[PDB]
Amino acid sequence: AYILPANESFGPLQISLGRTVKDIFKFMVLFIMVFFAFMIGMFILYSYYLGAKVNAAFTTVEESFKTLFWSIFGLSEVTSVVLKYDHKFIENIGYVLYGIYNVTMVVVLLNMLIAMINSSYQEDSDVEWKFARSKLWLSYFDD
Amino acid sequence: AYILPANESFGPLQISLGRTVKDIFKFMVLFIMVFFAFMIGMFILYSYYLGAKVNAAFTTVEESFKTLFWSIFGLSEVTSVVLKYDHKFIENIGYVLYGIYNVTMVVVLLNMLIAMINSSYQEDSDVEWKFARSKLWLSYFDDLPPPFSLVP
Amino acid sequence: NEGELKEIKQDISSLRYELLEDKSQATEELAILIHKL
Amino acid sequence: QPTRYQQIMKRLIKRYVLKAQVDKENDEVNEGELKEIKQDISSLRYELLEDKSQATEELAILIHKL
Amino acid sequence: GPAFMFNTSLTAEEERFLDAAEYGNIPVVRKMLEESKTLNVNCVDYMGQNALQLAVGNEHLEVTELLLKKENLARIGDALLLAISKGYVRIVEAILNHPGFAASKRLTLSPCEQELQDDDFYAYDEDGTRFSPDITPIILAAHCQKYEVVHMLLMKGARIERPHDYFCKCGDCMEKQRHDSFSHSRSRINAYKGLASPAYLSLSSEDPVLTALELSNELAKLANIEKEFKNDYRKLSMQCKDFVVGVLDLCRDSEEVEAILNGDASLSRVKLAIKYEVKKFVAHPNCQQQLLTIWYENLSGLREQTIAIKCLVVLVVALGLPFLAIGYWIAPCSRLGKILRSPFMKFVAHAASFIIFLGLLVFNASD
Amino acid sequence: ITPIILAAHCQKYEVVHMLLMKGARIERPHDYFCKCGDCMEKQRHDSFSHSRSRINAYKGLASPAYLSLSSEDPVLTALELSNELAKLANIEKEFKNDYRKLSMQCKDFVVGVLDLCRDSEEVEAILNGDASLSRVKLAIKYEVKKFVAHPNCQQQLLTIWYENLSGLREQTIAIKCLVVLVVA
Ligand SMILES: CC(C)CCC[C@@H](C)[C@H]1CC[C@H]2[C@@H]3CC=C4C[C@@H](OC(=O)CCC(=O)O)CC[C@]4(C)[C@H]3CC[C@]12C
Ligand SMILES: CC(C)CCC[C@@H](C)[C@H]1CC[C@H]2[C@@H]3CC=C4C[C@@H](OC(=O)CCC(=O)O)CC[C@]4(C)[C@H]3CC[C@]12C
Ligand SMILES: [Ca+2]
Ligand SMILES: [Zn+2]
Ligand SMILES: [Zn+2]
């Protein structure tokens with residue numbers, strides 16, 4: 001990142017990268033809030049079935065965090081919710097909560113992408129890149 | 001949500017959240033319609049092969065619902081369609097219907113995202129957030145928290 | 001807009017008519033003054 | 001001789017012509033519509049100055065007759 | 001040639017007179033009106049426009065004054081309407097001094113009372129009127145937002161009618177709705193377009209901002225009830241909203257801001273704007289700074305602190321909430337009591353209570 | 001470009017009326033797939049001056065001034081000419097944009113004429129043609145969408161839609177779901 005702004009091809013790209021990161025930090029905070037919500041909920045739900053599940057997904061805090069986080073990229077299977085016993089009510093509530101979590105994740109992701117697209121449409125890329133590259137240059141003028 | 005609008009950083013975000021939820025409710029209704037369509041179709045198709053499939057995906061109504069819903073997030077395998085017997089026609093129709101379902105899901109999702117982007121481009125975020133935060137403020141102007149307000 | 005400018009054009013036109021008629025009045029009065037001479 | 005449909009179409013089309021001329025009056029003025037008024041002013045100036053010169057020369061001949 | 005005729009093609013003299021009237025040739029029109037004796041002043045342009053309409057449409061005030069003195073001149077009501085539409089204040093004044101308006105009560109009587117008599121007063125041609133038959137001079141002036149013309153007509157006693165309720169059962173509304181039901185709704189929209197204009201709102205009523213808020217809610221409901229003309233009622237309601245916003249925008253000291261926000265400090269107008277969703281009014285910097293000064297009542301320095309310091313005081317309230325409630329019960333009136341009754345401290349107390357609730361929910365799942 | 005065609009292009013209403021009084025009329029170009037000797041010689045001679053001349057004559061015909069002042073029923077003429085130019089746009093693709101713009105001119109001329117109605121008689125005269133909604137059928141057939149979607153045509157169609165359901169016109173959607181279920 002200290003070297004790319006000098007390139008006229010890659011400067012504006014990196015400037016837009018800094019911009020979109022600064023923007024999506026806020027939606028990351030909100031997603032942290034909702035994710036913590038669902039994590040604590042499902043953890044309190046399933047914590048008692050340590051040795052009564054298919055896997056150990058939602059048994060502890062850290063493992064619930066791992067499962068729910070990896071569910072963001074679809075890398076978590078849906079068999080983690082199933083129970084070994086015949087407590088149909090608990091596993092149905094698990095299905096419902098996990099599905100609602102995924103749907104809310106999709107909703108938040110869409111809103112972030114689009115609040116961003118709106119911030120973009122109302123806007124200087126040349127000016128911003130040249131300001132950054134001029135800072136880069138001036139850093140080397142002093143002997 | 002009762003607390004975030006007070007923050008100048010997080011207020012406009014939550015306002016846009018309420019907006020996009022109110023919008024996509026309609027596409028959720030339409031997706032419910034098409035999803036129910038495909039669910040009933042595949043259920044009527046596969047219901048007779050209770051013990052002749054790889055898994056029990058499309059044998060009953062509730063399990064068909066589960067399989068088709070989890071197919072939205074790609075969390076459902078494609079081996080659920082395969083049969084144990086040599087009824088090639090039924091499993092081919094299953095392949096076709098499941099693929100068409102996924103394609104129609106993608107089509108509906110794209111249209112929703114973009115009807116939304118269009119609603120956005122023709123538009124006040126400051127004004128909306130300040131209206132909401134002013135409501136939040138005015139809620140407290142009239143002369144203890146609920147937990148401690150039990151004591152008279 | 002175009003109408004607000006057509007209004008000023010009509011202003012100019014009516015002013016022109018009035019001024020030319022005034023000059024003609026002056027000329028005819030000088031003619032009758034010559035006749036009296 | 002005219003039937004009610006013809007009368008109503010006549011009314012509506014006269015209304016349309018008047019409304020369309022009004023909407024044409026709502027267009028922004030362009031440079032040519034202003035050059036036209038400038039030429040108006042110029043020709044008016046020429047005519048008025050020539051009228052004043054006519055008055056002066058007539059007074060001169062009246063002095064000569066005196 | 002053209003398969004429609006809107007005006008035999010008069011006479012050479014009549015064509016010359018129409019040319020002189022349209023292009024403002026005052027000496028020629030005066031000469032003709034004085035000594036023609038064959039010409040009739042009601043000769044007609046190719047568009048169905050007599051000399052008075054031509055003179056008014058081109059803003060020839062002297063030609064208009066010359067024509068108005070000619071007895072039995074026609075198309076005077078439409079001349080007034082056209083001059084009002086174009087905003088020619090002086091021509092409007094000249095037309096209003098004519099016996100047709102001075103003696104009669106044309107401006108005071110309602111559009112329906114004018115319409116009951118045929119009388120063809122505002123008709124400009126053989127059949128019809130230039131604007132809608134219900135559009136009276138005052139309604140037209142309000143539409144065009146001619147402030148001086150609206151004031152003039154108000155001085156003469158003209159007022160806009162305030163259409164009846166939508167679900168109305170009286171004989172007049174019943175007969176209007178059974179007769180046409182499209183001229184009726186269009187007439188309602190015209191009267192509301194007149195009422196919702198900033199000129200009429202400002203010049204007509206005692207409290208224009210209260211009237212504008214109430215009328216904005218009225219038109220917002222009309223938009224839902226009558227969906228085919230939803231856009232028109234929506235635009236009129238927006239007109240009212242931004243009229244209120246523009247009136248608030250002009251305040252220059254706290255007394256005027258109070259008069260605008262508190263109504264005649266119970267923020268009655270702010271409550272009304274939030275209730276009717278006049279969002280630009282509430283979100284305006286003046287109303288915003290008023291609400292903000294009320295928000296930090298006794299927290300003088302806290303108004304300017306960074307967000308980190310306010311997070312600090314949030315945490316401190318979360319910690320001392322038991323002691324704070326105990327002290328509120330013990331010492332109800334003190335420095336502590338005055339600080340505890342401020343709205344921002346009430347809100348932070350609520351937030352801290354809820355955070356303690358979430359912390360209890362979590363810590364209950366400990367071990 | 002004759003005087004009448006130029007006046008129609010510029011939409012000089014008074015000049016168009018003057019020229020019409022003198023007997024000037026726009027020519028109504030022949031069919032595209034025409035075999036007569038005049039069209040054959042014009043097409044063999046240049047074939048670019050020919051198409052440009054056709055576009056000029058249609059630009060004159062499709063103007064609101066000439067449409068309003070020239071014919072007996074300008075809205076019927078405008079609908080038919082709009083469909084004509086819409087087909088011309090498909091046939092002659094190199095000048096697709098020009099014919100498309102002219103067809104749009106005709107469409108919004110019809111829309112503007114409908115926009116001026118002030119009572120039900122005029123709305124009927126515009127929509128029913130000379131109550132069989134002939135002009136509404138023609139607008140839907142030729143895809144004059146702003147004409148059909150205009151509030152006047154909309155309220156006419158709506159009054160026909162709730163013929164004998166006087167109160168039902170104003171009910172909330174819940175009550176109409178109720179009556180849907182009751183019919184089921
Ligand atoms: C392909 C592998 C083996 C090496 C990849 C190296 C790149 C990851 C880095 C290391 C050296 C860097 C380059 C070193 C010098 C320059 C010149 C610099 O300035 C210019 O564009 C020329 C005009 C000017 O310097 O003002 C732009 C960045 C660039 C290409 C850097 C871009 C990023 C580079 C290519
Ligand atoms: C990091 C963990 C341990 C606690 C996370 C708590 C947050 C989820 C909640 C609880 C307390 C809340 C805060 C309590 C008080 C305020 C001040 C409030 O107002 C301001 O921005 C200062 C200016 C003003 O109040 O007018 C904005 C929301 C905020 C930060 C709240 C935002 C959401 C917070 C941080
Ligand atoms: Ca003048
Ligand atoms: Zn009534
Ligand atoms: Zn031919």
# chains A, B, ... in the order shown; residues from 1 in each chain; ligands from 1
call {"tool": "residues_near_ligand", "arguments": {"ligand": "ligand 5", "cutoff": "9 Å", "atoms": "only C-alpha atoms and all ligand atoms", "output": "list in words"}}
result
residues 29, 30, 31, 32, 33, 34, 35, 36, 37, 38, 39 and 40 of chain F
call {"tool": "closest_atom_pairs", "arguments": {"of": "chain D", "to": "chain F", "cutoff": "8 Å", "atoms": "only C-alpha atoms", "output": "Markdown table"}}
result
| residue | atom | partner | partner_atom | distance |
| --- | --- | --- | --- | --- |
| D:5 | CA | F:130 | CA | 6.1 |
| D:8 | CA | F:122 | CA | 6.4 |
| D:9 | CA | F:73 | CA | 7.2 |
| D:12 | CA | F:116 | CA | 7.1 |
| D:13 | CA | F:68 | CA | 6.3 |
| D:15 | CA | F:116 | CA | 7.5 |
| D:16 | CA | F:113 | CA | 6.4 |
| D:17 | CA | F:68 | CA | 7.4 |
| D:21 | CA | F:13 | CA | 8.0 |
call {"tool": "residues_near_ligand", "arguments": {"ligand": "ligand 1", "cutoff": "6 Å", "atoms": "only C-alpha atoms and all ligand atoms", "output": "PyMOL selection string"}}
result
chain A and resi 3-4+6-8
call {"tool": "interface_residues", "arguments": {"of": "chain E", "to": "chain A", "cutoff": "12 Å", "atoms": "only C-alpha atoms", "output": "MDAnalysis selection string"}}
result
chainID E and resid 358:359 361:367
call {"tool": "write_last_selection", "arguments": {"atoms": "N, CA, C and O atoms", "output": "mmCIF file, in the first residue's frame"}}
result
data_model
loop_
_atom_site.group_PDB
_atom_site.id
_atom_site.type_symbol
_atom_site.label_atom_id
_atom_site.label_comp_id
_atom_site.auth_asym_id
_atom_site.auth_seq_id
_atom_site.Cartn_x
_atom_site.Cartn_y
_atom_site.Cartn_z
ATOM 1 N N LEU E 358 -29.205 -7.364 29.640
ATOM 2 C CA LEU E 358 -28.484 -8.281 28.760
ATOM 3 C C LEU E 358 -27.335 -8.966 29.491
ATOM 4 O O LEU E 358 -27.083 -10.162 29.292
ATOM 5 N N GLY E 359 -26.626 -8.221 30.345
ATOM 6 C CA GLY E 359 -25.551 -8.814 31.122
ATOM 7 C C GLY E 359 -26.042 -9.881 32.080
ATOM 8 O O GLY E 359 -25.369 -10.889 32.299
ATOM 9 N N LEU E 361 -28.805 -11.700 31.488
ATOM 10 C CA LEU E 361 -29.131 -12.821 30.607
ATOM 11 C C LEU E 361 -27.896 -13.652 30.278
ATOM 12 O O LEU E 361 -27.953 -14.886 30.252
ATOM 13 N N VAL E 362 -26.763 -12.992 30.038
ATOM 14 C CA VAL E 362 -25.546 -13.722 29.682
ATOM 15 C C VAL E 362 -24.966 -14.431 30.906
ATOM 16 O O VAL E 362 -24.743 -15.647 30.890
ATOM 17 N N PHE E 363 -24.709 -13.675 31.980
ATOM 18 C CA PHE E 363 -24.104 -14.212 33.195
ATOM 19 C C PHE E 363 -24.951 -15.296 33.844
ATOM 20 O O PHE E 363 -24.417 -16.132 34.581
ATOM 21 N N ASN E 364 -26.260 -15.311 33.591
ATOM 22 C CA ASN E 364 -27.072 -16.424 34.061
ATOM 23 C C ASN E 364 -26.651 -17.723 33.390
ATOM 24 O O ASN E 364 -26.755 -18.799 33.992
ATOM 25 N N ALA E 365 -26.148 -17.640 32.157
ATOM 26 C CA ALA E 365 -25.621 -18.796 31.444
ATOM 27 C C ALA E 365 -24.152 -19.068 31.758
ATOM 28 O O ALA E 365 -23.527 -19.881 31.065
ATOM 29 N N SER E 366 -23.597 -18.443 32.794
ATOM 30 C CA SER E 366 -22.245 -18.768 33.215
ATOM 31 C C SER E 366 -22.202 -20.180 33.808
ATOM 32 O O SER E 366 -23.226 -20.853 33.973
ATOM 33 N N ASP E 367 -20.983 -20.626 34.123
ATOM 34 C CA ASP E 367 -20.621 -21.999 34.490
ATOM 35 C C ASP E 367 -20.930 -22.993 33.384
ATOM 36 O O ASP E 367 -20.728 -24.186 33.580
#
call {"tool": "interface_residues", "arguments": {"of": "chain C", "to": "chain E", "cutoff": "9 Å", "atoms": "only C-alpha atoms", "output": "PDB file with N, CA, C and O atoms, in the first residue's frame"}}
result
ATOM      1  N   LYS C   6     -40.900  38.022 -24.520  1.00  0.00           N
ATOM      2  CA  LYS C   6     -41.865  38.564 -25.472  1.00  0.00           C
ATOM      3  C   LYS C   6     -42.594  39.768 -24.891  1.00  0.00           C
ATOM      4  O   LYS C   6     -42.946  40.699 -25.626  1.00  0.00           O
ATOM      5  N   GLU C   7     -42.819  39.771 -23.575  1.00  0.00           N
ATOM      6  CA  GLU C   7     -43.425  40.931 -22.929  1.00  0.00           C
ATOM      7  C   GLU C   7     -42.567  42.180 -23.116  1.00  0.00           C
ATOM      8  O   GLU C   7     -43.078  43.259 -23.443  1.00  0.00           O
ATOM      9  N   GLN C  10     -42.755  43.417 -26.670  1.00  0.00           N
ATOM     10  CA  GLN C  10     -43.965  44.206 -26.897  1.00  0.00           C
ATOM     11  C   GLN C  10     -43.851  45.587 -26.263  1.00  0.00           C
ATOM     12  O   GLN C  10     -44.359  46.573 -26.815  1.00  0.00           O
ATOM     13  N   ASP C  11     -43.213  45.669 -25.092  1.00  0.00           N
ATOM     14  CA  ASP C  11     -42.876  46.965 -24.506  1.00  0.00           C
ATOM     15  C   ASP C  11     -42.146  47.841 -25.515  1.00  0.00           C
ATOM     16  O   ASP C  11     -42.536  48.991 -25.769  1.00  0.00           O
ATOM     17  N   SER C  13     -41.966  47.556 -28.744  1.00  0.00           N
ATOM     18  CA  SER C  13     -42.767  47.848 -29.931  1.00  0.00           C
ATOM     19  C   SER C  13     -43.737  48.999 -29.680  1.00  0.00           C
ATOM     20  O   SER C  13     -43.829  49.943 -30.480  1.00  0.00           O
ATOM     21  N   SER C  14     -44.482  48.931 -28.573  1.00  0.00           N
ATOM     22  CA  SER C  14     -45.435  49.993 -28.260  1.00  0.00           C
ATOM     23  C   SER C  14     -44.721  51.318 -28.026  1.00  0.00           C
ATOM     24  O   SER C  14     -45.204  52.380 -28.447  1.00  0.00           O
ATOM     25  N   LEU C  15     -43.561  51.276 -27.361  1.00  0.00           N
ATOM     26  CA  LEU C  15     -42.775  52.490 -27.173  1.00  0.00           C
ATOM     27  C   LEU C  15     -42.372  53.096 -28.511  1.00  0.00           C
ATOM     28  O   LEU C  15     -42.449  54.318 -28.699  1.00  0.00           O
ATOM     29  N   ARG C  16     -41.936  52.255 -29.452  1.00  0.00           N
ATOM     30  CA  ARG C  16     -41.566  52.739 -30.778  1.00  0.00           C
ATOM     31  C   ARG C  16     -42.741  53.435 -31.455  1.00  0.00           C
ATOM     32  O   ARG C  16     -42.594  54.533 -32.013  1.00  0.00           O
ATOM     33  N   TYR C  17     -43.914  52.793 -31.435  1.00  0.00           N
ATOM     34  CA  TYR C  17     -45.091  53.394 -32.057  1.00  0.00           C
ATOM     35  C   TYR C  17     -45.391  54.764 -31.456  1.00  0.00           C
ATOM     36  O   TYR C  17     -45.590  55.749 -32.184  1.00  0.00           O
ATOM     37  N   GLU C  18     -45.415  54.845 -30.121  1.00  0.00           N
ATOM     38  CA  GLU C  18     -45.731  56.110 -29.465  1.00  0.00           C
ATOM     39  C   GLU C  18     -44.728  57.201 -29.835  1.00  0.00           C
ATOM     40  O   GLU C  18     -45.118  58.334 -30.155  1.00  0.00           O
ATOM     41  N   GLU C  21     -45.132  58.438 -33.452  1.00  0.00           N
ATOM     42  CA  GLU C  21     -46.303  59.300 -33.584  1.00  0.00           C
ATOM     43  C   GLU C  21     -46.056  60.679 -32.981  1.00  0.00           C
ATOM     44  O   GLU C  21     -46.537  61.687 -33.518  1.00  0.00           O
TER      45      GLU C  21
END
call {"tool": "residues_around", "arguments": {"residues": "residue 150 of chain F", "least_positions_apart": "2", "cutoff": "12 Å", "atoms": "only C-alpha atoms", "output": "number ranges by chain"}}
result
E: 228-231; F: 108, 110-117, 123, 127, 136, 139, 144-148, 152-158
call {"tool": "select_by_dssp", "arguments": {"residues": "chain B", "states": "helix (DSSP H, G or I)", "output": "compact mmCIF listing (two decimals) with C-alpha atoms, in the first residue's frame"}}
result
# COMPACT_ATOMS: atom_id res chain seq x y z
CA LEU B 4 -28.71 3.30 18.00
CA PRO B 5 -30.47 6.35 16.40
CA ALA B 6 -28.90 8.63 19.03
CA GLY B 11 -28.42 6.34 13.05
CA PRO B 12 -28.49 6.61 9.25
CA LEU B 13 -27.40 2.96 9.00
CA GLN B 14 -30.36 1.77 11.07
CA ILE B 15 -32.72 4.01 9.09
CA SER B 16 -31.57 2.43 5.82
CA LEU B 17 -32.00 -0.97 7.49
CA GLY B 18 -35.65 -0.30 8.30
CA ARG B 19 -36.10 0.96 4.75
CA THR B 20 -34.60 -2.06 2.99
CA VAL B 21 -36.51 -4.47 5.25
CA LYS B 22 -39.82 -2.74 4.46
CA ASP B 23 -38.92 -2.99 0.78
CA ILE B 24 -37.78 -6.62 0.55
CA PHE B 25 -40.82 -7.89 2.48
CA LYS B 26 -42.70 -7.83 -0.85
CA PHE B 27 -40.11 -9.92 -2.70
CA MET B 28 -40.17 -12.27 0.30
CA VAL B 29 -43.92 -12.70 -0.28
CA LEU B 30 -43.38 -13.45 -3.98
CA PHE B 31 -40.57 -15.88 -3.14
CA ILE B 32 -42.90 -17.59 -0.66
CA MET B 33 -45.36 -18.07 -3.51
CA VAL B 34 -42.84 -19.58 -5.94
CA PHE B 35 -41.19 -21.67 -3.20
CA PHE B 36 -44.55 -23.13 -2.14
CA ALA B 37 -45.19 -23.93 -5.81
CA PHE B 38 -41.97 -25.90 -6.21
CA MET B 39 -42.33 -27.52 -2.78
CA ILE B 40 -45.78 -28.94 -3.49
CA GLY B 41 -44.65 -30.04 -6.94
CA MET B 42 -41.59 -31.98 -5.81
CA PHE B 43 -43.46 -33.39 -2.80
CA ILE B 44 -46.19 -34.81 -5.03
CA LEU B 45 -43.44 -36.12 -7.32
CA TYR B 46 -41.31 -37.97 -4.76
CA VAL B 61 -44.11 -32.09 3.35
CA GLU B 62 -41.99 -30.78 6.23
CA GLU B 63 -38.81 -32.47 5.02
CA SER B 64 -39.38 -31.21 1.47
CA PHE B 65 -39.79 -27.72 2.95
CA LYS B 66 -36.54 -28.12 4.92
CA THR B 67 -34.57 -29.37 1.90
CA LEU B 68 -35.86 -26.73 -0.52
CA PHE B 69 -35.38 -23.90 2.00
CA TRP B 70 -31.83 -24.94 2.86
CA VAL B 78 -27.68 -32.58 -4.85
CA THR B 79 -27.73 -36.28 -3.92
CA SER B 80 -31.17 -35.72 -2.35
CA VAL B 81 -32.73 -36.04 -5.81
CA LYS B 88 -34.65 -42.78 -14.67
CA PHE B 89 -37.55 -40.59 -15.82
CA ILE B 90 -38.57 -39.55 -12.30
CA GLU B 91 -35.04 -38.68 -11.20
CA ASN B 92 -34.40 -36.77 -14.43
CA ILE B 93 -37.56 -34.73 -13.81
CA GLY B 94 -36.29 -34.19 -10.27
CA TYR B 95 -32.96 -32.87 -11.58
CA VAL B 96 -34.79 -30.56 -14.00
CA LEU B 97 -37.23 -29.22 -11.41
CA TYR B 98 -34.55 -28.63 -8.75
CA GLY B 99 -32.28 -26.85 -11.22
CA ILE B 100 -35.15 -24.70 -12.48
CA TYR B 101 -36.01 -23.89 -8.86
CA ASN B 102 -32.46 -22.73 -8.16
CA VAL B 103 -32.36 -20.66 -11.35
CA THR B 104 -35.70 -19.00 -10.56
CA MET B 105 -34.46 -18.27 -7.03
CA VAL B 106 -31.41 -16.52 -8.49
CA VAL B 107 -33.64 -14.57 -10.90
CA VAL B 108 -35.95 -13.38 -8.12
CA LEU B 109 -33.00 -12.45 -5.89
CA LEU B 110 -31.35 -10.37 -8.63
CA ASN B 111 -34.61 -8.57 -9.41
CA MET B 112 -35.14 -7.76 -5.73
CA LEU B 113 -31.63 -6.42 -5.25
CA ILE B 114 -32.10 -4.21 -8.28
CA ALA B 115 -35.62 -2.93 -7.84
CA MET B 116 -34.05 -1.89 -4.52
CA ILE B 117 -31.03 -0.20 -6.05
CA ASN B 118 -33.42 1.71 -8.33
CA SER B 119 -35.55 2.85 -5.39
CA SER B 120 -32.29 4.06 -3.86
CA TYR B 121 -30.92 5.96 -6.88
CA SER B 125 -30.74 10.26 4.74
CA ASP B 126 -29.80 13.14 7.05
CA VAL B 127 -33.43 14.31 7.24
CA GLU B 128 -34.76 10.80 7.89
CA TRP B 129 -32.20 10.03 10.60
CA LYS B 130 -32.81 13.39 12.28
CA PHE B 131 -36.58 12.81 12.24
CA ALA B 132 -36.12 9.42 13.90
CA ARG B 133 -33.65 10.78 16.46
CA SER B 134 -36.01 13.67 17.22
CA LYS B 135 -38.78 11.16 17.92
CA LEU B 136 -36.35 9.33 20.21
CA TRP B 137 -35.55 12.59 22.02
CA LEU B 138 -39.18 13.69 22.38
call {"tool": "residues_around", "arguments": {"residues": "segment 34-40 of chain E", "least_positions_apart": "6", "cutoff": "9 Å", "atoms": "only C-alpha atoms", "output": "MDAnalysis selection string"}}
result
chainID E and resid 11 13:14 17
call {"tool": "interface_residues", "arguments": {"of": "chain E", "to": "chain D", "cutoff": "9 Å", "atoms": "only C-alpha atoms", "output": "list in words"}}
result
residues 4, 5, 6, 47, 127, 128 and 130 of chain E
call {"tool": "write_last_selection", "arguments": {"atoms": "C-alpha atoms", "output": "compact mmCIF listing (two decimals), in the first residue's frame"}}
result
# COMPACT_ATOMS: atom_id res chain seq x y z
CA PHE E 4 -60.68 23.35 -38.01
CA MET E 5 -61.72 27.03 -37.84
CA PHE E 6 -61.45 28.78 -34.48
CA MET E 47 -57.49 31.98 -32.65
CA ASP E 127 -68.45 28.03 -26.30
CA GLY E 128 -66.21 27.44 -23.29
CA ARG E 130 -60.09 29.44 -20.98
call {"tool": "residues_around", "arguments": {"residues": "residue 36 of chain A", "least_positions_apart": "2", "cutoff": "12 Å", "atoms": "only C-alpha atoms", "output": "ChimeraX atom specification"}}
result
/A:28-34,38-43,61-62,64-66,68-69,101 /E:358,362
call {"tool": "write_last_selection", "arguments": {"atoms": "C-alpha atoms", "output": "PDB file, in the first residue's frame"}}
result
ATOM      1  CA  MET A  28     -19.292  -4.839  10.408  1.00  0.00           C
ATOM      2  CA  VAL A  29     -20.052  -3.344  13.838  1.00  0.00           C
ATOM      3  CA  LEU A  30     -23.798  -3.837  13.349  1.00  0.00           C
ATOM      4  CA  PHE A  31     -23.237  -7.398  12.124  1.00  0.00           C
ATOM      5  CA  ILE A  32     -21.107  -8.040  15.217  1.00  0.00           C
ATOM      6  CA  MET A  33     -24.083  -6.953  17.320  1.00  0.00           C
ATOM      7  CA  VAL A  34     -26.628  -9.201  15.588  1.00  0.00           C
ATOM      8  CA  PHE A  38     -27.788 -15.080  17.776  1.00  0.00           C
ATOM      9  CA  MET A  39     -24.646 -16.710  19.201  1.00  0.00           C
ATOM     10  CA  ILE A  40     -25.672 -16.201  22.823  1.00  0.00           C
ATOM     11  CA  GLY A  41     -29.209 -17.308  22.012  1.00  0.00           C
ATOM     12  CA  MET A  42     -28.278 -20.595  20.360  1.00  0.00           C
ATOM     13  CA  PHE A  43     -25.568 -21.254  22.962  1.00  0.00           C
ATOM     14  CA  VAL A  61     -19.317 -20.515  23.529  1.00  0.00           C
ATOM     15  CA  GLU A  62     -16.212 -20.724  21.340  1.00  0.00           C
ATOM     16  CA  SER A  64     -20.893 -21.812  18.776  1.00  0.00           C
ATOM     17  CA  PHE A  65     -18.929 -18.751  17.633  1.00  0.00           C
ATOM     18  CA  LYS A  66     -16.944 -20.887  15.180  1.00  0.00           C
ATOM     19  CA  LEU A  68     -22.086 -19.387  13.382  1.00  0.00           C
ATOM     20  CA  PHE A  69     -19.165 -17.448  11.880  1.00  0.00           C
ATOM     21  CA  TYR A 101     -29.928 -15.901  11.355  1.00  0.00           C
TER      22      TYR A 101
ATOM     23  CA  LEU E 358     -28.484  -8.281  28.760  1.00  0.00           C
ATOM     24  CA  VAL E 362     -25.546 -13.722  29.682  1.00  0.00           C
TER      25      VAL E 362
END
call {"tool": "closest_atom_pairs", "arguments": {"of": "chain A", "to": "chain B", "cutoff": "10 Å", "atoms": "only C-alpha atoms", "output": "CSV"}}
result
residue,atom,partner,partner_atom,distance
A:26,CA,B:10,CA,7.4
A:27,CA,B:13,CA,7.7
A:29,CA,B:10,CA,9.3
A:30,CA,B:10,CA,8.5
A:71,CA,B:75,CA,9.6
A:72,CA,B:73,CA,9.9
A:73,CA,B:73,CA,9.5
A:74,CA,B:75,CA,6.8
A:75,CA,B:75,CA,8.5
A:76,CA,B:75,CA,8.0
A:77,CA,B:75,CA,6.4
A:78,CA,B:75,CA,6.6
A:79,CA,B:75,CA,9.7
A:95,CA,B:66,CA,8.8
A:99,CA,B:70,CA,8.1
A:102,CA,B:73,CA,8.1
A:103,CA,B:73,CA,9.2
A:104,CA,B:21,CA,9.7
A:106,CA,B:73,CA,9.7
A:107,CA,B:21,CA,7.4
A:108,CA,B:17,CA,7.4
A:110,CA,B:113,CA,7.4
A:111,CA,B:17,CA,6.4
A:112,CA,B:13,CA,8.6
A:113,CA,B:117,CA,9.8
A:114,CA,B:117,CA,6.7
A:115,CA,B:16,CA,7.4
A:117,CA,B:117,CA,8.1
A:118,CA,B:121,CA,6.7
A:121,CA,B:121,CA,7.6
A:122,CA,B:121,CA,9.0
call {"tool": "residues_around", "arguments": {"residues": "residue 92 of chain A", "least_positions_apart": "4", "cutoff": "10 Å", "atoms": "only C-alpha atoms", "output": "ChimeraX atom specification"}}
result
/A:81-83,87-88,96-98
call {"tool": "write_last_selection", "arguments": {"atoms": "C-alpha atoms", "output": "tab-separated table (two decimals), in the first residue's frame"}}
result
chain	number	residue	atom	x	y	z
A	81	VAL	CA	-28.59	-28.38	14.52
A	82	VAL	CA	-29.90	-31.96	14.69
A	83	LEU	CA	-30.20	-33.68	18.08
A	87	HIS	CA	-36.74	-33.48	21.71
A	88	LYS	CA	-38.41	-32.31	18.51
A	96	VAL	CA	-35.95	-21.71	12.92
A	97	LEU	CA	-33.27	-19.66	14.69
A	98	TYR	CA	-30.46	-20.74	12.33
call {"tool": "interface_residues", "arguments": {"of": "chain C", "to": "chain D", "cutoff": "9 Å", "atoms": "only C-alpha atoms", "output": "PyMOL selection string"}}
result
chain C and resi 1-6+8-9+12-13+16+19-20+23-24+26-27+30+34+37
call {"tool": "residues_near_ligand", "arguments": {"ligand": "ligand 2", "cutoff": "7 Å", "atoms": "only C-alpha atoms and all ligand atoms", "output": "number ranges by chain"}}
result
A: 33; B: 3-8; E: 307, 310-311, 314, 344, 348, 351-352, 355
